[PDB]
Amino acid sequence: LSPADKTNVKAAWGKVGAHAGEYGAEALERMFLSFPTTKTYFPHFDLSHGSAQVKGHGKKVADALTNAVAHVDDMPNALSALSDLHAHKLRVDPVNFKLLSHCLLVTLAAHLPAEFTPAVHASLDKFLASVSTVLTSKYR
């Protein structure tokens, strides 16, 4: 992560606002439709269009990301609780994180065109990757 990459992410997620919970929900919706194998991680869930479980989990995902942007240098300690969930209990194959990171990028590009510049896009793909690596950090 670069200092310029830090401001690029901060500016782009500063413009998502309270509709982050919808962007996360859209990203999830996209991952389930584009990569149906990722559905194994959600048997307890209903992944149909406009489902309350997708919107609620989308909020959980987006708030965790708002917590990540704020703690850009404190990421392994701030997202420690979730690293325990995703790496120890859920044991989510690191590939799935690549798929959700991609779907979120697609959502951002679709809703925020003026913000989604090649420079901003690059910083976010870098951001989501270092977030992903924290959530899948310690497995033993």
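The term rigid core refers to the maximal set of C-alpha atoms that superpose within 1.5 Å between the two forms. When you see a residue number, it is the position in the sequence shown, counting from 1.
> Between 98 to 106 and 85 to 93, where do the CA atoms move more in 6 other deposited structures of this protein, taking the root mean square over the structures and residues after a core fit?
Replying inline: The stretch that sits farther from the shown form in 6 other deposited structures of this protein is 85 to 93.
> So which stretch wins on mean C-alpha B-factor, 94 to 102 or 78 to 86?
Replying inline: According to the entry, 78 to 86 carries the higher average C-alpha B-factor.
> Got a sec? Mean C-alpha B-factor, which is higher, 41 to 49 or 27 to 35?
Replying inline: Comparing 27 to 35 with 41 to 49, the higher average CA B-factor belongs to 41 to 49.
> For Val69, does the deposited CA B-factor place it in the lowest, middle or highest third of the chain?
Replying inline: Highest third.
>> By the recorded C-alpha temperature factor, relative to the other modelled residues in its chain, which third is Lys126 in?
In response: Its C-alpha B-factor belongs to the lowest third of this chain's values.
> Among the modelled residues of its chain, does the C-alpha B-factor of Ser137 lie in the lowest, middle or highest third?
Replying inline: Highest third.
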